[PDB]
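Number of protein chains: 2
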Amino acid sequence: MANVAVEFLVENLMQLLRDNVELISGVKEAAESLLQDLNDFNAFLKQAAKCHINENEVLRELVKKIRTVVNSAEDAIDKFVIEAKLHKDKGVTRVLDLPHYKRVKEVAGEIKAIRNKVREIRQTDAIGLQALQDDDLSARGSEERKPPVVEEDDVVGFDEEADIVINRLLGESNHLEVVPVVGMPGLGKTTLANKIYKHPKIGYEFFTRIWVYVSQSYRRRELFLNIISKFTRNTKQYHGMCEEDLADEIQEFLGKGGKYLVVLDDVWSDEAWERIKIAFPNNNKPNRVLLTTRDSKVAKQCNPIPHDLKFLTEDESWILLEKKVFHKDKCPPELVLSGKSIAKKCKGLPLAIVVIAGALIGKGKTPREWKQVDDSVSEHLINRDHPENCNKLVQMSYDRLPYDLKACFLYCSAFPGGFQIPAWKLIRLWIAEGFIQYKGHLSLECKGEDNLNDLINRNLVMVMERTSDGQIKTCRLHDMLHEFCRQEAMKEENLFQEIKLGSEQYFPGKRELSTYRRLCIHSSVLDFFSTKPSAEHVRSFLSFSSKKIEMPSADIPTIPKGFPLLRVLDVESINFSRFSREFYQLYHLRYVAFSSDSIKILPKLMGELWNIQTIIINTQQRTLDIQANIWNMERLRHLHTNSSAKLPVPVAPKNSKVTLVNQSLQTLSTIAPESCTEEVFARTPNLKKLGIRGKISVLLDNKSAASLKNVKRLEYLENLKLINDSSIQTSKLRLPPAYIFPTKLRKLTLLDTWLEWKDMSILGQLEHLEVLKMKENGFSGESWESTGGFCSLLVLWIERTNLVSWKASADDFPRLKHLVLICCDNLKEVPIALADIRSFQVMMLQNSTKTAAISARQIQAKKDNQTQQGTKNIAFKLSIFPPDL
Amino acid sequence: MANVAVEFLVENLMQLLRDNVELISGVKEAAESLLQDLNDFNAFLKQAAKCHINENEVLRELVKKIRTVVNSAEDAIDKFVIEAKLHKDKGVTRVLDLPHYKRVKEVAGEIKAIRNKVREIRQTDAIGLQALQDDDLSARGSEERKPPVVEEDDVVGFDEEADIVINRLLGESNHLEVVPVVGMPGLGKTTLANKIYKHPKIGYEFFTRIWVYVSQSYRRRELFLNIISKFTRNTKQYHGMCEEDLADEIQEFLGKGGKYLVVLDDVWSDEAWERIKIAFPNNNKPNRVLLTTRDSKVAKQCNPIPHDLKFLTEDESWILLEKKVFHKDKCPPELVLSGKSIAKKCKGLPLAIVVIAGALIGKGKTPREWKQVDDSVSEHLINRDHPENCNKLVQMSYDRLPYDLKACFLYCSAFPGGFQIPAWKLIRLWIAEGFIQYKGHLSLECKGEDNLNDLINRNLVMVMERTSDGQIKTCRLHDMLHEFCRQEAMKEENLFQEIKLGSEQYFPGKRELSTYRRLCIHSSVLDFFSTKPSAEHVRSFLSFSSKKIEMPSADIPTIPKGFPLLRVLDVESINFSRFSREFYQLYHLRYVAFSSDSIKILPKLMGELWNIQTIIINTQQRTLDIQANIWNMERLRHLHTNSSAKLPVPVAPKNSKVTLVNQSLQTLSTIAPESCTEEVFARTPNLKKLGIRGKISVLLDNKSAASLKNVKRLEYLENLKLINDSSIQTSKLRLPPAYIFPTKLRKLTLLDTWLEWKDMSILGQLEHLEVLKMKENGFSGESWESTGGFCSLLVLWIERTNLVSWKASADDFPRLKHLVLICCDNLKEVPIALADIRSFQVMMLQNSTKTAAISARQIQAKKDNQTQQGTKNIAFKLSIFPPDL
Ligand SMILES: O=P(O)(O)O[C@H]1[C@@H](OP(=O)(O)O)[C@@H](OP(=O)(O)O)[C@@H](OP(=O)(O)O)[C@@H](OP(=O)(O)O)[C@@H]1OP(=O)(O)O
Ligand SMILES: O=P(O)(O)O[C@H]1[C@H](OP(=O)(O)O)[C@@H](OP(=O)(O)O)[C@H](OP(=O)(O)O)[C@@H](OP(=O)(O)O)[C@H]1OP(=O)(O)O
Ligand SMILES: Nc1ncnc2c1ncn2[C@@H]1O[C@H](COP(=O)(O)OP(=O)(O)O)[C@@H](O)[C@H]1O
Ligand SMILES: Nc1ncnc2c1ncn2[C@@H]1O[C@H](COP(=O)(O)OP(=O)(O)O)[C@@H](O)[C@H]1O
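From first to last, the protein sequence lines stand for chains A and B. All residue numbers for the first sequence refer to my numbering, where the first residue is 1 and numbers rise by one. All residue numbers for the second sequence refer to my numbering, where the first residue is 1001 and numbers rise by one.
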């Protein structure tokens, strides 16, 4: 929507005028006039939106040439901004310094020319309401959208096929065979496969099972690294092995553990199946593999008897539609007829129902809306096998979307098809692109998360992993939806443009690149940067590669000089040996994510990019030294980093009354313990997530417990993470008193701390803490006896600890929901009192002692009895990773 | 509720531990113990609340005494705090301050005794905790509540009485007669009176209408001065004029203006009517007085033909109850029988029905709850004449009320009965007393506002005036509810005790004053403070008087010495000429409201009190030079004042990296323009309401300090006020560009600005500004021609302007809903284009040109036709000051 670009330009111009006046002093008057006209045309575009746009070419023409003028104004303003900053760099004290000054205010003359063009547009419709405001539709208020709790986990109508396949399993013991699952894309084949892969009988028959995604454009070596990594604790030895040596290692590991079932999803081509099949040992075991392929030919090649997947019936279609739209409630009688008719028209494709239900929940719950959508679906689905019909359905659903969500939904497809998108990354990117403008009181991150939840609720985005606390971790768009979004954003809206090197595709030259606004490179990027490309009007650069691609020492200056107006730079997959001097002139940089392996310092000149919001640094070094003054940066909002980051000691200016209190800051992933001083925590009043990585002894030492004492000050802190790197238990550590931990702390994670289980009482004294995760021997001891306190704890996660005896009563954990017990090889028993917790929903046991498994089974039986006794107790599910335990 | 005391103690203790260790260094261990045992006691009390403590005697005792130890622990800890700060004052640099350290350690011995007493009882609490937890009830989550917009304004089945009354008037012209209104309390007589006082026929016949409240304890001169205040601005002169001569002036003012109606509200005794009737001239005109009384004898004396109020009929009862319970929505069929039975059981007393509706709202909307309510009401309403039936009904409603809200109703009674409680003051009290605890993310004030709105929704608190934008401005408790709340809070929970004295009675002695927690004095207070009283366990002192009482120069230091452990000091109605030293030693002070007339300098030592939230100062001086380092009082949240305060110039400490950035702050009501400086705004990042008073020119002048520019920094500001005191128009003032104003600004007010009507475009450019109030010639000029911009503006308020020609199109004010044209004696007419605005509902035209009023009637007729034309247009209301128009 043009509204988005207009609003972002307005906001950026206002910010420029307020904060830095000198930069805009030369042009400030033209800037202000442009800003007024921008507000006016934002209102104009809103009105034009009120009227049907896709049903009128004249309307689109009207809004057109506002977008072009806006882009020209944007580019002129940015070029002047950078030029004036270079003038400041020149530091020319001369009152009249014509060189570059004539031409810079002549860029201001480009700004004035575009200002005049904006004025001419204003003239064309001085009112802007001459004929358009006369018409307005969809006038209504906006209501609340609610959180996306897990629902309809039951798969409608796929149990019969699942049973058929699970019967197809173990047909001929002592042999390896592949079970083909065939169906048109979007028929739910991967849903059936996932259901089977988690079925209890499947888990019990095969001790080992693996899920592998074989994209249309997979790479074999990554795939084998992925498969092996599950079985091995370390992949270092195999990182230097060849594809075939890797296959042999996989065969060995996989034959170690008896039988096995491997699921290969979306095997596009026969050649891929042939290339991969070698790693599976036909070891004369009753082994199996389940493949999901959209093509009948490859399915026949794999096995002459493919399992043809069935369309859902009309009754099943209606059931799924109602389930999706009304969740746990029931469809009002007046809407039942329309819903059933729609489901009938769907033809039974689960994806079609899942999308139409999204459209319905988007629109509303009145019979008129349902009649309208029924008419639309009748019109658009006359044919059956044409793949464009689902595209038309997606068009229907996407039309109703709010424009702010339309921008985000489009931007989602920038990621390579089949990529698992880190939700936090996606949200920080949205914020960096300005798609989410401050609307109300919610913090930006919270608003973005809400956006993502609405997207998922509509079903326009699929969820892959949920963090322990249940929120979203990684999501991906469906293949057809990904294609739709790619085509839409690339053609209709020109949001971004992809450069995929096919067997024949050759790099577009400078002239085509001049038109692009955002680049995404997901194929060989080193070849692209050997071209020494150039583009002034590319603002964003995205590269979501699979491998990590070193940057040649000669091509490093290609990114800055190639694009000097960059805003979003997502180059995590690209190792940089160092940073050229032209990185310190990308002044329009908001988001900057990259990787490295030899970077030990962030040079102070990085402190000049005054605009940046996010910073991500994935460096292998153990110690990273941030010399760049994060405090000077006025808008820093995130500082993720793996290494231990040593923040610069704050230094209040001797003659300035500026308080360097960054009020926007919201994260500091792994600051070093040595920089948890009082000042650092003074400067981040609104800090919402903190983590430390280093020698936790300095902090937790009482003789030096002033540091976690300092952490007592971040009133808003909600996520604390303590990570110990020192491998020597040079002394014992004691947790300071419970009152020292900020009162809202909801999530704590401990790793290699070696604390006494007698300190669990302190964490019991915390009242809001809701997810506790201790890994790599966070707490040391053989006997632990729960003393209550965890009033609001929801997920308990113990991993790799030498605990032996655990004693607790039902009242120790009133609100426990998820219990994760990994690699506790030395715990004799699990207290049965836990069987008496109502919140206790799902239990997981992994690499644990046999007595623990026995006690867990007693707990399962006990909770089954409790539910059978009529008590409204939520369903219980137990999952021991090794079935034999 | 005990949980409230325990929670407040816990929070205060935790804060003391975190901030100041030296104060607690002596008894840190006992402090932390107390903290733990208090948390456990709070959990125990919650659990006991889950069960019905009243049902079991053992429970009543078990809950009992946990509170006493908590009260005992508070007294000892507070006394230690003050004694230790006194030690700091001594500054005894000796390593062992054996003299008087053994005194503060005597207090510490009290502390340690208390800690041991808590550990005891905690043991006694340990036993039986399981027996308590075995039982629970009302297991449910908490749902959202919604804002209380005006609803059910119409009065059920009362138009018969209204028309009968309006008929009674005009019986005998050229004569003065008073019409009695009789009925039991809460029967709605005031409702009927207000209905009549607003009826269009009444507003047309009598030009001069006056509404007067005559409490049980009125004071004649007070109301006479108020009546005079209606006709002329000031009352200070007549403050030097006798009551009978006041009455003469009232009679003259009233007789000059044609006919007159006056409503005397809630007349109790005959003598009061006799005394007050004097002011009304029987000048041989058709004038009437409408008195409402609960006694038949006074009514009969005033007239042998009293108007008995009628009970509501069963159908009327049910319609009223349904309207209250279900608001606009109709009753669900399954609850109709229960609702009708309940209404029938109320015997037609509107107050009983109203409280029952509140109770039903509190319970929910399930048939079981309605059956339970029906049973209960049948139980408690066997009798009719006994007034205690309504007390039982309010008790029934109260029991279902959350304890946070419960803490109110009872604290609401503290305000003197019949007093109009300023909502903002009430909320800041709430906060200061600690009744409102951080639960979530809403700013404290917002949580208070929602509490108050919920109280109104349950109908327990009746509202009196709303601000222009509609948010509540002034509420009070109904008489029956007030007596119920006062008795309850004084007896059951001992929240506070009133000291008001009867004839032949004496002020309670020091022994009695030793068992008080809060003092409310609403009668002679100078007499009380001439007793030289003394109490150590009084934390709050409230004095909501009528007249401003001075404090004798010899009797000043009674309060600081009478009570040294004060928190709330609400002495707004007591004029202090100076402050004693013993006042500065008060350290437990949160709230401090007081008046004055000669106080020009806020003392420096006043800045030592670390714990203050609010500050109110009604100094008559024009300037109030503040020298208290507000920057150092870390909990400061308001600095209300009326004169032009001058905040101290901030200075970041030379040798401390601690930034003096207050982030709780919310308002700096009336600072001086000289103190609208950069730093003063850097130090208050979260400021949410600013006002200025002084020579607005120095702001609008850029040479002194770009101060209205500096206002740009307060990203959260939402209420601005520019008050100009300079009466000399030295030069014209020009508003800065619209981008300077904070983006969220939602309310602006300009008095004496004398800005040129051309600038109104700048205020048009603002996008959220919702209420513009220009009073006493805000803008100077004679021709105003709207150019648009006020997209979101909702209320327009013009007072005392020389505007002659106003030109506008319907597109300039799309969202307008309220228009106020006060004292526009030079304006000719208002653009009829406003008649086309759908949102336009209410417009008030006071003391303006008759041509403007004719245009107003044209607008009214046009909107009448518009609504008649089938458009879903909201009802329109026209208010015109003089009847002839
Ligand atoms: O600390 P944990 O409870 O073990 O959770 C971590 C943490 O994420 P959260 O604290 O937000 O939950 C890490 O956060 P970052 O390091 O990315 O800031 C994240 O990443 P790492 O793997 O690099 O530690 C990691 O991911 P994973 O689950 O893959 O181990 C995992 O996140 P979740 O708990 O959200 O899944
Ligand atoms: O209700 P108040 O607390 O008395 O304040 C509001 C207004 O501010 P807001 O409109 O933002 O609420 C002014 O602010 P303050 O003076 O209270 O700081 C106030 O000014 P004055 O009291 O000096 O007149 C004015 O007073 P008034 O009610 O007499 O108009 C009154 O106006 P509203 O209640 O209509 O908002
Ligand atoms: N049996 C089913 N019940 C409900 N939804 C289903 C079912 N089968 C498929 N779907 C939905 O159909 C859509 C397409 O399936 P998906 O799992 O995304 O990929 P695939 O088509 O490869 O199976 C998704 O929204 C999926 O949840
Ligand atoms: N139809 C009605 N007639 C009278 N009061 C009504 C009616 N409907 C609701 N009420 C409410 O019942 C109460 C009537 O008594 P009230 O006016 O409070 O007492 P009093 O007349 O003694 O001041 C008010 O709260 C009023 O708003």
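Ideal Cβ placement from N, Cα and C applies to all residues, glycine included.
Measure how close the beta-carbons of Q663(A) and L687(A) come, nearest whole angstrom, since I'm counting them as under 8 Å. Translated into the one-based positions of the first sequence, residue 663(A) becomes position 663. Translated into the one-based positions of the first sequence, residue 687(A) becomes position 687. Contact flag wrong, Cβ pair sits at about 10 Å.
State the beta-bridge partners of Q846(A) as determined by DSSP. Taking the first residue of the first sequence as position 1, residue 846(A) is located at position 846. According to DSSP, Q846(A) bridges with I822(A).
Hey, would you say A1299(B) sits closer than 7 Å to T1293(B), going by beta carbons? Taking the first residue of the second sequence as position 1, residue 1299(B) is located at position 299. Taking the first residue of the second sequence as position 1, residue 1293(B) is located at position 293. Yes, these two residues count as a Cβ contact at 7 Å.
My output table needs one value for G1764(B): the three-state DSSP class, helix, strand or coil. What you label residue 1764(B) is simply residue 764 of the second sequence in a count that begins at 1. Of the three classes helix, strand and coil, the one that applies to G1764(B) here is helix, per DSSP.
Identify every residue that forms a DSSP beta bridge with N1575(B). The residue labelled residue 1575(B) in the question sits at position 575 within the second sequence. In DSSP, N1575(B) forms a bridge with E1550(B), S1595(B).
The segment 1321-1332 of chain B touching the segment 1149-1162 of chain B, judged by at least three CB pairs closer than 8 Å: yes
Taking all protein chains shown into account, do 16 or more other C-beta atoms lie within 10 angstroms of the C-beta of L98(A), making it buried, or fewer, making it exposed? On the first sequence, residue 98(A) is found 98 positions in, with the first residue counted as 1. By the 10 Å Cβ count, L98(A) comes out exposed.
Contact set between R18(A) and chain B, taken where Cβ atoms lie within less than 8 Å: Locating residue 18(A) in the first sequence gives position 18, where the first residue counts as 1. Chain B residues near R18(A): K1712, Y1739, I1740.
Where does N1618(B) fall in DSSP's three states? Walking along the second sequence from the start, residue 1618(B) turns up at place 618. In this structure, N1618(B) counts as strand in the three-state DSSP scheme.
Spatially closest choice to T641(A) from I121(A), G691(A), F576(A), by CA coordinates: Sequence index remark: in the first sequence, residue 641(A) carries index 641 (1-based). When only C-alpha atoms are compared, the closest one is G691(A).
Proximity test, Cβ basis, 7 Å: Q1663(B) and chain A: Looking up residue 1663(B) in the second sequence gives position 663. Output row for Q1663(B): interface = yes.
Just to check my reading of the structure: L1542(B) and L1513(B) have Cβ atoms closer than 8 Å, yes? What is that Cβ distance to the nearest angstrom? As a working mapping, residue 1542(B) is identified with position 542 in the second sequence. As a working mapping, residue 1513(B) is identified with position 513 in the second sequence. Wrong, their Cβ atoms sit about 15 Å apart, outside the cutoff.
State yes or no: is the C-beta of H380(A) nearer than 6 Å to some heavy atom of ligand 4? Within the first sequence, numbered from 1, the residue matching residue 380(A) stands at position 380. No, Cβ of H380(A) sits at least 6 Å from all heavy atoms of ligand 4.
Contact criterion: CB-CB distance below 7 Å. Does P685(A) meet it with respect to chain B? What you label residue 685(A) is simply residue 685 of the first sequence in a count that begins at 1. Chain B, which has a Cβ nearer than 7 Å to the Cβ of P685(A), makes this yes.
Quick one: grab the DSSP three-state call for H1441(B). As a first step, residue 1441(B) is located in the second sequence; it is residue number 441 there, counting from the start. Coil, per DSSP.
Counting only Cβ pairs nearer than 7 Å, list the residues of chain A close to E1032(B). Taking the first residue of the second sequence as 1, we reach residue 1032(B) at position 32. Going along chain A in sequence order, the residues near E1032(B) (Cβ under 7 Å) are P737.
Is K773(A) a contact residue of ligand 1, with contact defined as CB to any heavy atom under 6 Å? Position 773 of the first sequence holds residue 773(A). Result yes, Cβ under 6 Å from ligand 1.
Which residues of chain B have a Cβ atom closer than 7 Å to the Cβ of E679(A), listed in chain order? Position 679 of the first sequence holds residue 679(A). Here the neighbours are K1657.
Determine, for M1760(B), whether the minimum Cβ-Cβ distance to residues of chain A falls below 7 Å. Here the question's residue 1760(B) lines up with position 760 in the second sequence. No, its Cβ sits nowhere closer than 7 Å to a Cβ of chain A.
Based on the DSSP output, what are the partners of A645(A) in its beta bridges? Looking up residue 645(A) in the first sequence gives position 645. According to DSSP, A645(A) bridges with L624(A), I671(A).
In whole angstroms, what separates the C-alpha of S1879(B) from that of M1001(B)? Position 879 of the second sequence holds residue 1879(B). Position 1 of the second sequence holds residue 1001(B). Spanning the two alpha carbons is a distance of roughly 47 Å.
Just the Cα atoms here: how many angstroms apart are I427(A) and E11(A)? Start at 1 with the first residue of the first sequence, and residue 427(A) comes out as number 427. Start at 1 with the first residue of the first sequence, and residue 11(A) comes out as number 11. Those two C-alpha atoms are separated by around 19 Å.
Have a look at residue 897(A) and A852(A) and give me their C-alpha separation to the nearest angstrom. The structure shown does not extend to residue 897(A), since chain A is modelled only from 1 through 885, so no value can be given for it.
From the beta carbon of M14(A), is the nearest beta carbon of chain B less than 7 Å away? The residue labelled residue 14(A) in the question sits at position 14 within the first sequence. With 7 Å as the cut-off, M14(A) counts as an interface residue toward chain B.
Neighbouring residues, chain B, relative to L129(A) (Cβ below 8 Å): Position 129 of the first sequence, counted from the start, is the residue given in the question as residue 129(A). Residues of chain B passing the Cβ test: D1811.
Buried versus exposed call for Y506(A) [16 or more other C-beta atoms within 10 Å across all chains shown]: Within the first sequence, numbered from 1, the residue matching residue 506(A) stands at position 506. So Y506(A) counts as exposed.
Chain A residues whose Cβ lies nearer than 9 Å to that of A1682(B): Numbered from its first residue, the second sequence carries residue 1682(B) at position 682. The contacting residues are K657, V658, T659, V661.
Under 7 Å by beta carbon: chain B residues contacting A652(A): As a working note, residue 652(A) is residue 652 in the first sequence. Ordered by position in chain B, the residues that pass the 7 Å Cβ test against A652(A) are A1652, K1657.
Which value, in whole angstroms, describes the spacing of the CA atoms of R1539(B) and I1617(B)? By 1-based counting over the second sequence, the position of residue 1539(B) is 539. By 1-based counting over the second sequence, the position of residue 1617(B) is 617. Approximately 21 Å between the Cα atoms of the pair.
Own chain partners of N802(A) with C-beta closer than 6 Å, once the 5 adjacent residues on each side are dropped: Taking the first sequence and counting its residues from 1, the one referred to as residue 802(A) is at position 802. Hits under 6 Å: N826.
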